[PDB]
Structures are given as structure tokens and as C-alpha cells.
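Residue numbers (the authors' numbering), protein chains in the order written: chain A, 2 to 80, 83 to 107, 112 to 219; chain B, 2 to 80, 83 to 107, 112 to 219; chain C, 655 to 892; chain D, 5 to 97; chain E, 4 to 151; chain F, 172 to 225; chain G, 436 to 580; chain H, 197 to 294.
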Amino acid sequence: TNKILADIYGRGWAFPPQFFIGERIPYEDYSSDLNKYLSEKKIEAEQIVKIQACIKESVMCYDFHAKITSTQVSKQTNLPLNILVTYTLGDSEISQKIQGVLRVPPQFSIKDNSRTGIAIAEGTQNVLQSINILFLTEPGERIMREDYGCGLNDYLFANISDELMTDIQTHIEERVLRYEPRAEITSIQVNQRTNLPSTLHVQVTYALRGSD
Amino acid sequence: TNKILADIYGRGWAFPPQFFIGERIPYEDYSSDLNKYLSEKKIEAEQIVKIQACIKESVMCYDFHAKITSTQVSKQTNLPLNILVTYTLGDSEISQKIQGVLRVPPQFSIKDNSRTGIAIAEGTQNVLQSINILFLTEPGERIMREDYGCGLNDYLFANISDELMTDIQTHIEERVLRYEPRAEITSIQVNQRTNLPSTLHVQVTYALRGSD
Amino acid sequence: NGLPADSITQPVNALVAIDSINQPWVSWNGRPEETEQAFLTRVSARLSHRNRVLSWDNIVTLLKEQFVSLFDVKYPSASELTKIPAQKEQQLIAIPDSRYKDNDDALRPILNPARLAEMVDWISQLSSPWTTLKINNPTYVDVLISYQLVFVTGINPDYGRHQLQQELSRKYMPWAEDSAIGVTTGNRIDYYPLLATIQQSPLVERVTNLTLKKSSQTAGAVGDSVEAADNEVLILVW
Amino acid sequence: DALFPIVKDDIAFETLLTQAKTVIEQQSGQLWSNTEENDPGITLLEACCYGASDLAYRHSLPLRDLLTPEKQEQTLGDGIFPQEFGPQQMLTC
Amino acid sequence: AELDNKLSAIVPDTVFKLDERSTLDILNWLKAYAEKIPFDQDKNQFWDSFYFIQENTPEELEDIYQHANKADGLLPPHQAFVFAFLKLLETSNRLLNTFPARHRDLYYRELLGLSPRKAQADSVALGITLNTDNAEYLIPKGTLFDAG
Amino acid sequence: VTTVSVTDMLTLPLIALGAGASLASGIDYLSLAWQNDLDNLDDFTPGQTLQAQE
Amino acid sequence: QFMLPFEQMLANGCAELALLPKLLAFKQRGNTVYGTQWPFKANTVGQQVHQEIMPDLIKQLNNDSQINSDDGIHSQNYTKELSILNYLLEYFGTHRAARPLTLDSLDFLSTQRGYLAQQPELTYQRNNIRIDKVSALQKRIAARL
Amino acid sequence: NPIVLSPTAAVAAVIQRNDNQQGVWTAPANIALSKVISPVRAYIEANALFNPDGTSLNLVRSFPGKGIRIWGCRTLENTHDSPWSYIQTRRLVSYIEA
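This is how it looks when you write it as C-alpha cells:
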């Protein structure tokens, strides 16, 4: 269902930006086909398809655009197996490699720190993060997008009163409607903190577009 | 910023008209090029470009349309240097001469009474002077322009009262709107002098068009 | 191109007293406006020689600009700039375009002596008074060329040999065929570049033997080029 | 001698951003589909897009001004080209 | 693009390039430049391994950049960020490369004051035949004749 | 023609919005830079004055 | 650190345009063929972050731009400078000399730069000779070879 | 050269103006100043000058598109439970006392 929500609402960079670099692959350790290695070790024939099904399923969960092209076994694990998996993304010409651990039902695990790039936000997380960025941005900060932002700084230092709480609540309603069409605000609650009398706590509750 | 205001609001003759004639140039004293004279005096080569940059900058302020074509040194000052600067105004064929004093950072000074012509009013001073002329002119005084003027003579010898103060204030507002579009009247104050009970003091405050 | 003959037949305004108009010949003294590429070339040349003659390149460049009947101009080789007794006369060789030749042979164009005198007079006006430039007709020297050939299967050898003569004459005698290709001014005939040229023809499969022999000297060996004197232009003959 | 009146529409920030979004769609359309005002990747790119527009605006300045170095370097008696390269010395002999 | 069409119409584009560096050279510069920025020091990780993933060379990335179809929208987003930025700089590079041609035109036309030569009018010779009913006719100077 | 004053932490698009408010058709950041002869999009300092035409 | 390479390539483009009067100069040519500069100023937030790696990156910037450096002759920069000189020499109807095979690279560059810088004097005095002055004929022979 | 001035001169004008407009019980913070080119030091240097449970300053700050504004309303009071931690509160009671 996470795929369904991601396709409907979109995918994008996570906020705040984060960067990762995966661990290096010791290429001088994988020079033996897994299928020949299992066949040589007289493992059962029906185990080959069950083994390969586990590899394909685990990789697809890691990245569902993958298409396995080759597989190899580390020479330093001759029956906890270390596998270097080679795959292509969709119908592209790009190839990538990824380490894994196979255990003989067969179980396959992926190395924890293997992906290189940015962190992404999908579906509900994307729209939730989108509203968060709007709250933290003041108008005039975005270059060539001077209108974008919420602008709650204008209500600071005002006396805490019924007029202020309604002004804050109605301001949020109008700005979210203008700059966030994928979300609908269902309730806003403004309260004054007891331990810190000078601070206001705003509770915002949102629902997705067409979620019902 | 005075250049920007002068271009926007125009420039012209100053009021009241004033006339000047510059001092006569003793042409029989400047027959030696400055660059040759400086080089002959074993001046530093890089000092020369600073010499020329200073003269150009000083003339730049004196008349920003100038374009220096020659520079000569008085023979009565051989190391306080008296300099005769020759320039052309813009891309025209008109050439003019101007005396100066050079001292060796170097600074270049211009003779005080060197300009011949009329006094000009620029930018804000032009608008301020324009309103002053309007107050001092009565309708019917200008030939072929019989309506131009304020017409405050009609309110003389009237009893000093709230009615007179209102009439004077509203009369000024209407006339300035008709005969001065470059200025905006922001406040008019009419008060009776304590030491001279029969005289009214009018305070007028104006702002330039599009200044904010 | 110029206006073709028999173009004007009637005046613009109708006149009842005028019958057909005869225009037997083409127009003349026409010149198109300078293109940008030609403008840059002309200016670059002008900045180099400054409309004056001092060097051999200046003579060749200025002469070809002024006179359209010239295909190429030759000057003495570098072996004579070291000559100690010096030289009274600066001798150049003018190879004219075959279209402007004063004789019948297209392969050996010759200019009238009156024409050559005009070029000498014109060029001397932009030279130092202590120089004497002389322009003379070239001395054509036959270079006998004989090759043994293997033709592409299905092609008659006589037809293939005939076509090869036309191709080589076009390549090595550019002034003959309406001077449309810029080729060396008959200075040298290198053995192997000539061999490559022959084998590039679609009718030629392989060259088995090639020999070049000058008019008087004995036939050269394999890989021997042919030189020309400072007043000679080599011409291929069969 | 200035290219600004000719190319002032190709230097604009919106024109350059449209090209950048086209490349992102073509190359990574199935992994980066949210390209609105709120996407953190877009804001970083939009800043770079403004900087690219600023760089292009500099190139569209008058030709004679871009050939003029600092005042402290400008040689006396010369111009855009040195005095000896004028017509009186390059066309004569 | 539209910029090239309106630039070549007023600038005589030449073979010489002030900045001839291609996308491959820029990518090679980035690989060397990012090799010096450390990601973390506990490992031997530098940013060059972030822009070029694993066994990726600038030659491979340049090929993908030239042919957008061979990725079908599955290139990593951060590399699409680099490709997008390279597209941005192409406009500035194009504008700069027009300066060698404008520089030469300024020297030839403004300083030296040289202009291209205009066309020359050609001349022709016409023979006239009069109609049989005219013994003599005078054709004044300035008569106009049609050549098609 | 309108005139504006540059304050701290102002950008050229922000200046155009303030300057172009009174103008009938507004102004863009590129046109505003050209009219003021700016060397670049950030070639201004606080306290300086800029102008905007139609 | 992610934004730094993009700031660098923007700064170089700004620096490259500022180098234009020197790149196309007829005389007094410089040692660099590309424009580079450090994007950040002193006492800034960006400068403090890249404080430790600044000397190495600046060293790479100088290496990638200068014709001659501590390491010696940069071959690609040497080739680029020859192409610029050949383009400028074509203004006056001449061309660059062939690359030396047994000569000094630095000496060869001096011949070409002096050949271009003294073009007005060389051709105006194409045939003039004076005592205790190198003749234009000698300079032309040196430049061609 | 631009003349450097203390912010207290402009704040006093704001306080006097704010009393007639908003009232003596309204904090005089978050109001843009006039005839001010720029603050001498940036806001990034004042992270240690605000203490919610101690003595703190009132920061004069600039924003993109908002100009230079006052960004604080606390007095020199440092006691957590003291009733005079804000300028408008102390001035309101003195207005009632008067």
C-alpha cells in the first residue's frame, strides 16, 4: 500500500537534506557463480529455484525496479554466505552492485549501509514534510518566490489573547490552502503552555486529498 | 544620488537669476605638458597614473560631461603646481579650459571662480524653487499665461479667523495640484505670530513624486 | 555569371519606332558585393603586406589580387637565396589560367608579351627603386609516366586506361580544367603520393609497376621523385 | 555592442528553471516526481538557477566595458586596443 | 535552441572557441575536485565516490547525459541534479564563446574603419533595329531597357 | 519613475517588488538591473538608491 | 560540502569573464588561460567550514589554470595558449610557427608572444635597419623558426 | 561615512508612539525602525544573549523584506517567577499606579 500512496502523492528529497555513501565492494572476492557453486555442492535441485526466489524477493523489497542479471559468492565463505548481486534498473542500461548474506527455508539479508545518494520522502511522509517546510519558511526568504511561506513571525510578541489565537488559526488555514493542495486541514488547536507561560502550542491535524 | 534625482526631476535656471564670469586665463604661462614635466622630474612611473587619475576625478566632480584632452603646467611654479586643463564636453566639438592646483596621495583643486554662465537648480532644489515661484506670482502677471500663479493677495486684510485659515490652506492645496505635478503637499500649518499679531505664518511640507 | 546573351529584346517603355533589339554577347565589368568571409581575407592580406612589395609572398599575393588571368606565380627556390654574387633581376614564373591563354594548347597556356609587360609595370610601382622584377612564361617539361596495372574485373583495360589519364591530368594539371581546384604549382611529383592517387580510382584494383621519366634524364628507380627547375613546370604525358 | 536587448528572455530565471525541470523529468522522472515549491531538491536547484541567471546576465554587458580592466591597470595613452594598433600604424607602411 | 538561432544571426560564429571544454572535461574536473573533500575521516570516504557511484567513470555519465532515453527516469536523483546544473551553465558558455567574433569585428570595423565593398554595375552593348517607317530616330540618354 | 532605498538583507527580486508596487506594469529583476547599470545582480550596497521606470 | 562544487563552477565562470581583457590581449599576456577563484571571502560562515581543505582546492585551481607552475609546463594549457596566439595572429595575415622538436618550450612561447605584441612595428619597419637595434628582418626570422 | 547611533534613541520614539496607537499594555517589540541602514553586527553573534531563565538582552535585528526590527521585550529582571520580566508589564502597572 506504500507503493500506491507514493505513486498518488509523489516522491522527492527528504528534509533536511541527508547524504550517504555505501561501503566499497571487495571485487577481488566474487569470481564464482552461485548456481554452479550450489550445483557443485550437490544441494537439491529444487533448492536452486527456492534460493533464487529468495534473492529476487529480497532485492525487490530493497528496490522494486531491479532486474537480477548475475550473482556470485565470496571466495572466503565456503559454507553464512556472502553474495554480490548485480542488477539493472528497469529497461535501462545502468547496472549496480549490492552485497548480501544468504543463509540455508532460505533467508537472504542485505548489508545495512549499501545505498549511495540522498534520502527520499514518499507519499504521506512527503506531504507531511511539505507542510512542515511551509511553517518554517517566512515570505521573502525564497529567491524569486517571495510570496511562498507561512509568515507566523508577524504574530510574535503579541499579547496572548482570544484575538491572537483566532488570528493564528485562521492564518494557518489560508496559507495551507494556498500552498499545499494535496493536504486538507481538519482541526487546529492553540493552547498556552503551563510550564512556559510565554509560549503557544499549536496542534494541526491534516488529511490526504481523496483519502476517503 | 544627486545625479539620479537631477535626471528624474529635471534641471534648469536657478531663481532669482544669477550671472557669473570666470577669471581670465593667463595663456602665456602654460606651454609645457605635465606628463613630460613629471617624467623629466624623475617622478615614479606609477605615480603618473595616480596623478592623471586624480585630475580626472577632480574634473569628474566639477563637470561630469568633461573629457580631458590636454594638461599643461604654469612656468611660474616649478615644484604647489598650477595646471591648465583642457577638455571637451561629451562628443561635441566645444572645448573649454580650466585652471587647477596640483600638490604632491596627490590631490587636485579647482580655482574657485572659474565658471561663466548662469546658476542652475537641480533635482530637489528645482522642485522646491518651482513651488516658491508659484507662491510669489499672482495670476495675471505672466504674459500669455494669465492664470499661472497662486493668488494669495486676495486673502490680505481679511479678519484673522478659522474661516480665513481654512481658506488659505485649501487654496494652496488646489493651486499646487494644478501647477506643480512633481511635488505632493503633505501638510499645511497656518499660525498667527505672537510678536506681530497682524501677520500669518504658513508652514508647507512637500514630498517628491514617487520618492517612497 | 553575368547576363546571358540575347536577354534584352524590348525596352521597358514601349516605343513604336523600335523593332527587336540585338544583344549578341554577355555583360561585363560586373562584380558582386563582398561576402563576410572574403572581407576578412582581404583585410588580413592588406594588414600583412601594406600594399607594398618587399618579399616573394607579397609579390604573389598582390599580383593574384590585381590580375584575374593568373592561376599561380612561382619564385626561385631557397637554394638561390644563398647565392653570393647576388641577382640583378628577380625572375618569376606566371602560370596563366587556360581560359585566358593566348595560344591553342590548353595544357601549356602562354600569355601575350604585352600582358606580361603590364603586370611588370604595375608591380614595379609598389617596389623599391633598386629592384627589377621580371615575369616570364613557364618552360613546360614533359614527364613520361608509364604504369603496369590490374583493373577491376569486368572493365576493359583500354577504357580504364583512358579514364585514368583524364583523372591524373585533372589532378596534376589543374590550370587546364577551368582552374577549379587548388593544386601544387607543378613543383614536384612524389612517387608514392602519385601511386596512392592512381589506386584511389574505382576502376583500379592494384598497381604492379610505376615509372617516371623526365624529358631528357633517364628513367628513375622505384620511389624516385621528379624535381623541376625554378623556370620549369612539369606536365604528365603518356 | 551589448547582448542584453537580444537575449533578455533567455537569461530569465523562469526560462532556465524550465530547462532544468525538463532534464530532471527525462533522467529521473520515476524517482523524483515532486518538483513543486516545497521540494528541498528544487530549492537548492532554484538557488543555483538564480546564480546561473546572474552569470549569464554578466556576459550580456556591453562589449567595450567587458574589455576594460581595472583603473589601476589602464595604461596611459591607450584604449581598448593599444595606440600602436590604430589605423595610422597598421594600414600605413 | 532559440538562443542559438538569434545569436548566429548577428554574430559570425567561428571555428575558434574561447572555452572549448566539453561535458566530459567538466565531469573529469568534478571527479578530481571532489576527491579532496572528505565525507568522513574514520573511513576513507570522499565526495568523489558520491557523485560517481561505485565503478562509475565520467565517460559513462557523459554518455547518459547525452542520451536521456537510456535511463528511462531511473537515474539517481543527485546525479540528475548535476545534469540539471550542467544544462544551466550551457547558456553562459554559449554567450561567452561569441566574444572572439565580436572582438575581431570591433577591431576591423570600428577602429580601422573598414567596410565591405559594394556591388559593381555591369555594362552591356545593345544593337537597335528601327521600324521600316522611320528614316532616323533619336534615342535619348537614360532610356530604360528590360532584361527580364 | 519611482525611487527606492536599499536596506540590509535585501535581494534584487525583493527590491523590484517594492519598487514595482506603484508602477502600472511593475518591473522585473532583470529590467531593474539594466536600468540601474548594475554590474551584477548583487551589485548594490545598503544606503544606495535605485530607480525604476515604466 | 555538497554545495561547494557548484559554487566553485559558478565562481570560475565569473572569474573567466573577468579574465577576458587579458585572454584576448595583443600584448603583455599573462600566465593563466582559464579563470578561477576561491568562492568565499574571509570571516564568513562558508570560509570556516572549508578552512582545512582550502589550500588543497586552491592548489588544484592554480594547477588547472596556469600555463607554467611549480610542476612545470602544463601540456593542455600550453596547447590552448598556442591556439589563442594563432587565432590572434590570423588578424594580421600571419600564423603561428610549428611546435619545437628540440628547442625550449618557454623560449618558444616568448618568440610567439613577442611576434604578436610587436606586429605594428615589425611590418611598418619591414625593411628598416638602424645601428645598435635589432632589425625587423631578424625578428621575423626568429619568430618563424 | 554613515554615523553610528545607539538603538535606544529609536526605541524611545517607538515606545512613545506605541502607547497612543496600541496601548501601554502592548509590547513595543516587532516594530520596524526608520532611517536605519543596517545593524552593526549580524544576529548570528547573539546566541548567548538570550536566557529564558536569566538576564538577557533585547536584540535589534533585520529580516529579508521586513527591515530592521526590535526583537525582544524583556527587562534586566532575571528571576523566573518575578512579575516584572517584560517592559510592557512593568510600564502597565506604573501607568495604573500613576
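Quick reminder that beta carbons are idealized off the backbone N, C-alpha and C, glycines included.
Any non-hydrogen atom of the ligand MG closer than 7 Å to residue i Cβ
i                      : result
residue 126 of chain A : In the structure on display, the ligand MG does not appear, and there are no ligands present to speak of.
Residue-chain proximity (residue i, chain K), Cβ-Cβ < 8 Å
i                      : result
residue 148 of chain A : Among the protein chains of the structure shown, namely A, B, C, D, E, F, G and H, there is no chain K.
Test: residue i CB closer than 8 Å to a CB of chain A
i                      : result
residue 51 of chain D  : yes
residue 261 of chain H : yes
residue 182 of chain F : yes
residue 54 of chain D  : yes
residue 40 of chain E  : no
Residue i in three-state terms, based on DSSP
i                      : result
residue 680 of chain C : coil
residue 543 of chain G : helix
residue 4 of chain D   : Nothing can be reported for residue 4 of chain D: it is not among the residues displayed for chain D, which extend from 5 to 97.
residue 96 of chain E  : helix
residue 470 of chain G : coil
residue 246 of chain H : coil
residue 208 of chain B : strand
8 Å Cβ cutoff, residue i in contact with chain G
i                      : result
residue 35 of chain D  : no
residue 860 of chain C : no
residue 748 of chain C : no
residue 699 of chain C : yes
Chain F contact for residue i (CB, 8 Å cutoff)
i                     : result
residue 16 of chain D : yes
Alpha-carbon to alpha-carbon, residue j and residue i
i                      : j                      : result
residue 757 of chain C : residue 746 of chain C : 20 Å
residue 5 of chain E   : residue 821 of chain C : 46 Å
residue 172 of chain F : residue 258 of chain H : 28 Å
residue 59 of chain D  : residue 11 of chain D  : 13 Å
residue 788 of chain C : residue 771 of chain C : 9 Å
residue 123 of chain E : residue 688 of chain C : 10 Å
residue 147 of chain E : residue 120 of chain E : 26 Å
residue 289 of chain H : residue 217 of chain H : 18 Å
residue 205 of chain A : residue 164 of chain A : 9 Å
residue 154 of chain A : residue 255 of chain H : 26 Å
residue 203 of chain A : residue 266 of chain H : 22 Å
residue 96 of chain B  : residue 126 of chain E : 45 Å
Any chain E beta carbon closer than 8 Å to residue i
i                      : result
residue 679 of chain C : yes
residue 6 of chain D   : no
residue 657 of chain C : yes
residue 444 of chain G : yes
residue 676 of chain C : yes
residue 65 of chain D  : no
Within-8 Å CB hit, residue i to chain D
i                      : result
residue 201 of chain F : yes
residue 538 of chain G : no
Closer than 8 Å to chain C by CB, residue i
i                      : result
residue 467 of chain G : no
Cβ contact (3+ pairs, closer than 8 Å) linking the stretch 45 to 57 of chain E and the stretch 7 to 20 of chain E = no
Is there contact between the stretch 58 to 78 of chain D and the stretch 65 to 78 of chain E, where contact requires at least three CB pairs shorter than 8 Å?
-> In short, these stretches do not touch, since the Cβ pair count stays below three.
Could you say if the stretch 21 to 28 of chain D and the stretch 43 to 59 of chain D meet the contact criterion of at least three C-beta pairs nearer than 8 Å?
-> yes
Is the stretch 438 to 457 of chain G close to the stretch 466 to 476 of chain G, with three or more CB pairs under 8 Å?
-> yes
Could you please tell me which residues of the stretch 90 to 107 of chain E, in chain order, have their CB closer than 8 Å to any CB of chain D?
-> 90, 91, 92, 94, 95, 98, 99, 101, 102, 105 and 106
Mind listing which residues of the stretch 158 to 184 of chain A have their C-beta closer than 7 Å to chain D's C-betas, in chain order?
-> Residues of the stretch 158 to 184 of chain A whose Cβ lies closer than 7 Å to any Cβ of chain D: none.
Is the stretch 810 to 817 of chain C in contact with the stretch 828 to 838 of chain C, if contact means three or more CB pairs nearer than 8 Å?
-> no
Would you call the stretch 83 to 103 of chain E and the stretch 96 to 107 of chain A in contact, with 3 or more CB pairs under 8 Å?
-> no
Short-range partners of chain G found in the stretch 76 to 97 of chain D, where Cβ spacing is below 8 Å = Flagged, chain order: 85, 86, 88, 89, 93, 94, 96 and 97.
Report yes or no: do the stretch 705 to 713 of chain C and the stretch 121 to 135 of chain E share at least 3 C-beta pairs separated by less than 8 Å?
-> With the cut-off at 8 Å, the stretch 705 to 713 of chain C and the stretch 121 to 135 of chain E do not touch.
Is there contact between the stretch 173 to 187 of chain F and the stretch 133 to 152 of chain A, where contact requires at least three CB pairs shorter than 8 Å?
-> yes
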